[PDB]
A.B. asks: 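Pasting a structure below so you can have a look.
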Amino acid sequence: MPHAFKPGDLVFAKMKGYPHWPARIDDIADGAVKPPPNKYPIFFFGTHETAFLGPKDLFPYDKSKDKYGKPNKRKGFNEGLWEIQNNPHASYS
């Protein structure tokens, strides 16, 4: 059965106005800004942006890839597909 989301989990993450996007749940570095309560830090592959999102916007990658893991016109999306599939745990700083 499902656990709660943890750092390192891979997802497609949904933001208003964008397609479901390949992403991971990030760690918070020592000394770094924490997310609001109930939110997770989401690192979006390809764009390398971070936003804070709740579970309602988080779709487990294995379950969802057949639906959402298709090329898209948007900036950074296809790069993001490569990253999530080929090196999802790398440092992208």
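The residues of the chain are indexed from 1 along the displayed sequence. Computed over heavy atoms, backbone and side chain alike; hydrogens, waters and symmetry mates excluded.
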A.B. asks: Report yes if the side chains of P60 and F5 come closer than 4.5 Å at any heavy-atom pair, otherwise no.
C.D. replies: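 Yes - at least one pair of side-chain heavy atoms lies under 4.5 Å apart.
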A.B. asks: Could you tell me whether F12 and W21 have their ring centroids closer than 6.0 angstrom?
C.D. replies: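 Ring-ring flag for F12/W21: false, centres at least 6.0 Å apart.
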A.B. asks: According to side chain to side chain donor-acceptor pair (under 3.5 Å), does anything in residues 2-11 pair up with another residue at least two apart or in another chain? List the pairs.
C.D. replies: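 Sorted pair list: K6-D9.
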A.B. asks: For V11 and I84, work out which heavy atoms get closest and say how close.
C.D. replies: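 The answer is O-CD1, 3.6 Å.
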A.B. asks: Where do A13 and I42 come nearest, in terms of heavy atoms and distance?
C.D. replies: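 Smallest interatomic distance, heavy atoms only, reads CB-CG2, 3.9 Å.
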A.B. asks: Show every salt bridge (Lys or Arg N to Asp or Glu O under 4.0 Å) that has at least one partner inside residues 19-32, sequence neighbours left out.
C.D. replies: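 Only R24-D26 qualify under salt bridge (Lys or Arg N to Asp or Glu O under 4.0 Å).
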A.B. asks: How about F45 and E79: do any of their side-chain heavy atoms sit closer than 4.5 Å?
C.D. replies: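 With C-beta onward as the side chain, the pair stays apart.
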A.B. asks: Between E49 (side chain only) and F44 (backbone N and O only), is there a donor and an acceptor less than 3.5 Å apart?
C.D. replies: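 Such a contact is absent between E49 side chain and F44 backbone.
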A.B. asks: According to side-chain hydrogen bond (donor to acceptor under 3.5 Å, both in side chains), who are the partners of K34, at least two apart in sequence or on a separate chain?
C.D. replies: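 In terms of side-chain hydrogen bond (donor to acceptor under 3.5 Å, both in side chains), with neighbours along the sequence ignored, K34 is linked to no residue.
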A.B. asks: Once side-chain contact (heavy atoms from CB on, under 4.5 Å) is applied, do any residues pair with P36, and if so which ones, sequence neighbours excluded?
C.D. replies: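 Listed in chain order: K39, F52.
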A.B. asks: Mind checking what makes side-chain contact (heavy atoms from CB on, under 4.5 Å) contact with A29, not counting sequence neighbours?
C.D. replies: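 Scan of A29 (side-chain contact (heavy atoms from CB on, under 4.5 Å), adjacent residues dropped) gives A32.
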A.B. asks: Given the rule that I, L, V, M, F, W and Y join up when any side-chain heavy atoms are under 4.5 Å apart, are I28 and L10 in one cluster?
C.D. replies: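 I28 and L10: separate clusters.
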A.B. asks: What's the verdict on side-chain contact (heavy atoms from CB on, under 4.5 Å) for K14 and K56, showing C-alpha distance, side-chain angles and the deciding distance?
C.D. replies: CA-CA 9 Å; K14 184 70 170 74; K56 74 184 170 65; over 6 Å; no
A.B. asks: Parallel under 30°, tilted from 30 to 60°, perpendicular over 60°: which one fits the rings of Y68 and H20?
C.D. replies: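 The rings of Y68 and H20 lie parallel, inter-plane angle below 30°.
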A.B. asks: Taking all non-hydrogen atoms of both residues into account, name the closest pair between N72 and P19 and its distance.
C.D. replies: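 Minimum heavy-atom contact is OD1-CG, 3.6 Å.
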A.B. asks: Show your reasoning for whether side-chain contact (heavy atoms from CB on, under 4.5 Å) applies to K65 and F59.
C.D. replies: CA-CA 9 Å; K65 56 172 170 287; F59 292 78; over 6 Å; no
A.B. asks: Do any side-chain atoms of residues 86-93 form donor-acceptor pairs under 3.5 angstrom with protein atoms, and if so which ones, sequence neighbours left out?
C.D. replies:
residue: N86; atom: ND2; partner: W82; partner atom: O; Å: 3.1
residue: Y92; atom: OH; partner: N87; partner atom: O; Å: 2.6

